[PDB]
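Asker: Give me the fold of what follows.
(chains A, B, C and D)
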Amino acid sequence: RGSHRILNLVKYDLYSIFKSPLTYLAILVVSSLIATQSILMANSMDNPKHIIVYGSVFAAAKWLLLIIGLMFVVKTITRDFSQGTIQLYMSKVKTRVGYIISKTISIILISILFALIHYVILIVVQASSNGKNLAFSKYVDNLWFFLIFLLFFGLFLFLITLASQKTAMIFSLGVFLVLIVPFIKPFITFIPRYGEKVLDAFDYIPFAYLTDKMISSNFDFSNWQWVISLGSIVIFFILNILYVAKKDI
Amino acid sequence: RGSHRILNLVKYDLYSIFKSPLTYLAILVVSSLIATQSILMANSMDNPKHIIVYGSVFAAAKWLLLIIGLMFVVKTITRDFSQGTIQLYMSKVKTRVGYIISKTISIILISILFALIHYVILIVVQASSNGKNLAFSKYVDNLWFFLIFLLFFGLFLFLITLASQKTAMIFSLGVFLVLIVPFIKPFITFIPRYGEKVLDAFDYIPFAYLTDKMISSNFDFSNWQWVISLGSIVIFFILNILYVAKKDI
Amino acid sequence: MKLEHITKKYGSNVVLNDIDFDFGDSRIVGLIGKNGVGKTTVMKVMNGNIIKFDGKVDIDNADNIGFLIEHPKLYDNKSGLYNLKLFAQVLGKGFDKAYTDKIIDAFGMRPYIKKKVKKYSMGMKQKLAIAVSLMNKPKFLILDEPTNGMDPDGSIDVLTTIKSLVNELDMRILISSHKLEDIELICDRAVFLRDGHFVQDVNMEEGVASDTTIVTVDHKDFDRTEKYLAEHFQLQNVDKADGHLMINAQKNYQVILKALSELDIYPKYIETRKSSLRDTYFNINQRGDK
Amino acid sequence: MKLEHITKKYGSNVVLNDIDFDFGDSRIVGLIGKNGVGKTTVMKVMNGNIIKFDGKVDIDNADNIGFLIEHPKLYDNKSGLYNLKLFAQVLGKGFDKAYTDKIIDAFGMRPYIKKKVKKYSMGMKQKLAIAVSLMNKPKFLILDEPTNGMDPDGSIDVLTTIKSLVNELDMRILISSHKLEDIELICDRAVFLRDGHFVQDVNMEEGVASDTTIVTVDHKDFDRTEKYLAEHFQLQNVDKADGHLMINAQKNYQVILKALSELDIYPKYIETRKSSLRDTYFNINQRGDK
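Answerer: Residues are numbered from 1 along each chain as shown, chains lettered A, B, ... in the order given. The structure is reproduced below:
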């Protein structure tokens, strides 16, 4: 049935993920970068008894793994449009909707697996070094944050790829959206006579506060942020279904 | 004639460079990064009378502009191999040799253009700030260093792109080759009892010492290094001419 | 799956203008027209890719649709078997080893089914595209130039295999392609596209009256030959001044020459003038380009 | 440009087997073969992309070659007019305004000569690439399937334009393509390639066209009828697979039908039609499949 068709699609994209050399090249680069950063940041800037504080490693590993998982998501969601085999899938309404449900299940699964990768790498780092481990509830909430971040950005870039049907532009917009806002914000926000007001209102635009709290080593949320984020993800899902069922190639 | 065909090809390659918006986007991004880095580097950790020393900015601009110029060179060189139109330019022997000479001439002219852009950006930096201006002989010899760097690396990557005729490998290999040595030396060279010996001997391997020296803010060459670098460039050019006239596509 | 009074427009340019189609007792249909007239648009409308049809299309949900839209769509960095397994699992009901093995064996892809698609040739990709499309186990197959990179002998081989599968599994094909000499070898009917509409529709088994066969005979035998032809089939034009008699188009000349050779009669000459797809297409379409 | 005793091999696999070639009193020459037989390799052999042939390939330096190989070759990012100007400088002698205007006007690319290549279709981009080939003002012009996905009208007008340019400039063209009926439309002489050699060489000069009669019959009787007609009616060329036997021009079939009746063998199908390259092609290349 349709349920087997969707689950079969999620299993097969993840299978295609697991059978590439870049997935392990990416794991080796992230592990090497995080280990050098953690050693430089804690084992020599004050010469302790080799104690390491895990907030910096948490933030750096989370940041690097998010920008790598994000690029993995843009490539996975833009593969079919790049080769144009997406034309073979957009045939009937039932397949077009099962396609949207299946991509959502695939995004959920990629986010969960990358969160597990974060968990294993950080656990190994904690095992090697010396200190006090972090609680599991932080990691579960962190898992939820990975899910929210990846779902929002993957659906936004999916809408963009539907409008353009070009793959280089999406890759540029993905890099642009992740790295421009943290880069532009310190050099311009402190300047105006409206900066404090815009900064508080910056906590409601989903792109802005998700990327701002992306480089933080702990996240905290209000009720309004949770409702706005969930409503935005749901609206993007509904909008994606309507546009995929109303667009013509 | 052949002289007009080579010069016209270098001229049209430059024309192709000056029309794309990515060139002026790269200039905008690089100028913004160099200005922020310069301000961070001199106007904040000491609190001077806003005096800026330019060796650090020189080194930073050198590294950023060289890696950007290298990427611009690899993209322009492998353009035809990516689109496969290179198979149209390999018709006769005289055409294949004028092709290789023209590509080298394009490299020298491109190197001159990047040296001029680096000079103007540093001048604008000097105009904005206050301090002690540098001397012309440093920039002329710097132009020689740009020329040497770009010719050597362009010919090496040229040999690889003729051998494999695949472009994604060239970009990843070029990025890896430029960026691996500053990254790799601290984590491995300080370990051996053969480290000092290998480090002095790294002054004769062209990849190792040219890549090491991009970051340094002043270049110093011995007679043996100058002869071996020029000889390596000449040997690659001779090898390229021979292989392009003896390779079957 | 029927289309009735279908019109599709892009801004102010009218691509489709009140077209009806129905698969009535026919297995192979051919679609012929020029470049950019909206052939890919009509196939996309018949397929499901385009959504704003502005008409009514009746398609049962249990029926699967397989298609090829002109260039092959495959996974370039991955192998052919990966593509075959994925589109069988994703588009079709499932995967069966015997059925897939028969498909592989009939097409002839045993040496290179485990090679990378990036290393394939154009004809190899075209055959792989037809096979991946067929993996859906469709009830209607819609191919856009399936033979756009292969040799004529290869064309005969692919179409003969396609016809064989038409017989091994009750399946109906809609084909849009140029090279009408290749379509006419195995096809049941053809539809012609001009000015955004299908101007003429020809069913080849029944034929048309414009198709002609001209037989010339001796003066002494002229009366007797005319008597026999008047007895047996319909006579349209007879020309005594010319000495030429016009009969209906016949694919096999065997029985006619058997009857005349058994009655000791030898015509001086025979040839045929026919309204084939080359003649009708060129007469209709020479009106707007030259 | 002439080739003498060319033998190119890839390891153990042999592609060319002692071939010779020369444009001898012919203006348009066609190269015909199967898929993956070494057609793209031969195009590369003649044009010059391969150097390790252990022989002599004779071309003069003052004559330029503009070519088309399998995929169209263009700068997809830039424009068509940019491609034309750039390839005019890199490959030709200069810029001629009247000559360039004539090339665009003859091909018909003016409305869309300033639009990006990514908005083009396949036949238009291939045609523009052909225009780029004529931009070089070559003495030898080689094309690899110029009409793959283009309609019949488009193929006839582009070839007709090519002939008008074959009279405007003293040029000699070789076309390796399928659609042999398009080849008989515009070609003066054809060569057939099998196992690296040119097996047959048909030359056509006048519009006599060598009309022929086709007789089809089973193998056990085909031997005797073939033998009998060789002792009686003088034979020029023979086609075994398609059954083509070429006696001189005969207006009346009475003596043929009488002799074939007295032979007790009978044809399934008999027709007279202008000969083509398809019968010869099938005779040459049915040898590998069966």
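Asker: Just the element for residue 6, please.
Answerer: Just going to use chain A. Applying DSSP states H and E as the criterion places residue A:6 in helix A:2-18.
Asker: Switch to chain C, please.
Answerer: Counting by DSSP H and E, residue C:6 is found in strand C:2-10.
Asker: Listing partners with orientation, what would you give for that strand?
Answerer: strand C:13-21 (antiparallel), strand C:56-58 (antiparallel) (DSSP bridges).
Asker: Smallest distance to chain C belongs to which residue of chain A?
Answerer: residue A:85 (4.0 Å; CB to the nearest CB). C-beta here means a position set from N, CA and C on the backbone, and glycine is covered the same way.
Asker: That residue and residue C:73 touch, don't they?
Answerer: Yes - in this structure, residue A:85 is within contact of residue C:73 by CB atoms under 8 Å, at 4.0 Å.
Asker: does the spatially most central residue of chain A sit in a helix or strand, and which one?
Answerer: Nearest to the mean C-alpha position of chain A, by CA atoms, centre = their mean, lies residue A:150 at 3.4 Å. If you go by DSSP H and E, residue A:150 is part of helix A:136-164.
Asker: for residue C:201, same thing?
Answerer: strand C:197-203.
Asker: Any chance you could list what contacts that strand?
Answerer: Residues from elsewhere that reach strand C:197-203 (CB atoms under 8 Å, 6 or more residues apart in numbering or on different chains): C:16-19, C:21, C:26, C:188-193, C:208, C:277, C:280, C:284.
Asker: out of those residues, which are buried?
Answerer: Among those, the ones that count as buried by 16 or more other CB atoms under 10 Å in any protein chain shown are C:16, C:19, C:21, C:26, C:188, C:189, C:190, C:191, C:192, C:193, C:277, C:280.
Asker: neighbours around the closest residue to residue C:178 other than its chain neighbours, how many?
Answerer: Nearest residue to residue C:178, sequence neighbours excluded (CB to CB, 6 or more residues apart in numbering or on different chains): residue D:151, at 5.9 Å. Using other CB atoms under 10 Å in any protein chain shown, residue D:151 has 21 other residues around it.
Asker: Can you list the buried residues in the helix or strand residue A:170 falls within?
Answerer: Remark: residue A:170 resides in helix A:167-188, with elements defined by DSSP H and E. Neighbour counts using 16+ other CB under 10 Å place A:167, A:170, A:171, A:173, A:174, A:177, A:178, A:181 of helix A:167-188 among the buried residues.
Asker: so the second one makes contact with residue A:164?
Answerer: Yes - the pair residue A:170 and residue A:164 qualifies as a contact (CB under 8 Å) at a distance of 7.1 Å.
Asker: on that earlier part again, closest to residue A:51 out of the strands paired with strand C:2-10?
Answerer: Residue A:51 lies closest to strand C:56-58 among those, at 70.6 Å (CB to CB).
Asker: now residue C:92: how far from chain B?
Answerer: Going from residue C:92 to chain B by CB to the nearest CB, to the nearest Å gives 33 Å.
Asker: typo on my end, residue C:132
Answerer: 25 Å.
Asker: For that residue, list the residues it contacts.
Answerer: By CB under 8 Å, 6+ apart, the neighbours of residue C:132 are C:74, C:83, C:84, C:87.
Asker: Next: residue C:290.
Answerer: Remark: with contacts taken as CB under 8 Å, 6+ apart, residue C:290 is in contact with D:153, D:157.
Asker: can you check residue A:23 too?
Answerer: A:17, A:72 are the contacts of residue A:23 under CB under 8 Å, 6+ apart.
Asker: Return the distance of stretch A:120-131 from the chain's centre.
Answerer: Mean-position distance between stretch A:120-131 and its chain equals 23 Å (CA atoms, centre = their mean, to the nearest Å).
Asker: That stretch vs chain B: in contact?
Answerer: No - on the criterion CB under 8 Å from any CB of the partner chain, stretch A:120-131 is out of touch with chain B, staying 16.0 Å away.
Asker: Which helix in chain A has the most residues?
Answerer: In chain A, with assignment by DSSP state H, the single longest helix is helix A:93-128.
Asker: Tell me what angle that one forms with helix A:2-18.
Answerer: 40 degrees (axes from the mean of the first three to the mean of the last three CA atoms, to 10 degrees).
Asker: quick one: residue A:143 and residue A:113 touch, right?
Answerer: No - using CB under 8 Å as the test, residue A:143 is too far from residue A:113 to be in contact (10.8 Å).
Asker: can you count the residues close to the nearest residue to residue A:239 once chain neighbours are set aside?
Answerer: Sequence neighbours aside, residue A:159 is the residue nearest to residue A:239 in space, at 7.0 Å (criterion: CB to CB, 6+ apart). If you count neighbours by other CB under 10 Å, residue A:159 ends up with 14.
Asker: The one 4 residues further on too?
Answerer: In terms of burial, residue A:163 registers 11 neighbours under the definition other CB under 10 Å.
Asker: just the one 3 residues further on next, same as before
Answerer: Here the neighbour count serves as a burial measure; for residue A:166 (other CB under 10 Å) it reads 15.
Asker: mind checking the backbone torsions on it?
Answerer: Here is the backbone geometry of residue A:166 (degrees, to the nearest 10): phi -120, psi 140.
Asker: where does chain C come near chain A, residue by residue?
Answerer: By CB under 8 Å from any CB, the part of chain C that sits against chain A consists of C:44, C:47-52, C:61, C:65, C:67, C:69, C:71, C:73-76, C:78, C:86-87, C:89-91.
Asker: Kindly give a single ChimeraX line that selects the buried subset of the residues you listed.
Answerer: The ChimeraX command for the buried members of the residues of chain C next to chain A (criterion: 16+ other CB under 10 Å) is given here:
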select /C:44,47,48,49,50,51,65,67,69,71,73,74,75,76,78,86,87,89,90,91
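Asker: ok, which residues in the stretch 1-150 of chain C are in contact with chain D?
Answerer: Within the stretch 1-150 of chain C, the residues that sit near chain D (CB under 8 Å from any CB) are C:33-36, C:70-71, C:121-124, C:145, C:148-150.
Asker: ok, of those residues, which one's closest to residue B:47?
Answerer: Using CB to CB, residue C:71 comes nearest to residue B:47 of the residues of the stretch 1-150 of chain C next to chain D, at 64.2 Å.
Asker: Nearest spatial neighbour of the closest one, chain-adjacent residues omitted?
Answerer: residue A:84 (7.6 Å).
Asker: how close does that neighbour get to residue C:132?
Answerer: Residue A:84 sits 14 Å away from residue C:132, going by CB to CB, to the nearest Å.
Asker: just residue A:92 next, same as before
Answerer: 17 Å.
Asker: and what of residue C:256?
Answerer: Residue C:256 sits at a distance of 46 Å from residue C:132 (criterion: CB to CB).
Asker: check contacts around residue 118.
Answerer: As the question left the chain open, I've gone with chain A. Residue A:118 makes contact with A:61, A:62, A:65, A:142, A:146, according to CB under 8 Å, 6+ apart.
Asker: actually it's chain C I care about, not the one you picked
Answerer: Taking CB under 8 Å, 6+ apart as the criterion, residue C:118 is in contact with C:76, C:77.
Asker: Helices of chain C, start to end?
Answerer: Ranges of helices within chain C are C:39-47, C:80-90, C:97-107, C:122-134, C:152-168, C:180-183, C:219-232, C:254-262, C:277-289, based on DSSP H.
Asker: Flag every buried residue along the last one.
Answerer: Looking back up the chat, that one is helix C:277-289. C:277, C:280, C:281, C:285.
Asker: In a markdown table, list the residues you listed along with distance to chain D.
Answerer: Shown next, in a markdown table, are those (distance: CB to the nearest CB, whole Å):
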| residue | distance to chain D |
| --- | --- |
| C:277 | 10 |
| C:280 | 12 |
| C:281 | 7 |
| C:285 | 6 |
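Asker: Now render those as a markdown table, adding distance to residue C:213.
Answerer: Output for the buried residues of helix C:277-289, formatted as a markdown table (distance: CB to CB, whole Å):
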| residue | distance to residue C:213 |
| --- | --- |
| C:277 | 18 |
| C:280 | 17 |
| C:281 | 21 |
| C:285 | 25 |
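Asker: What is the burial count for residue 85?
Answerer: Using chain A here. Neighbourhood size, residue A:85 [other CB under 10 Å]: 19.
Asker: think we crossed wires, I meant chain C
Answerer: Using other CB under 10 Å, residue C:85 is surrounded by 15 other residues.
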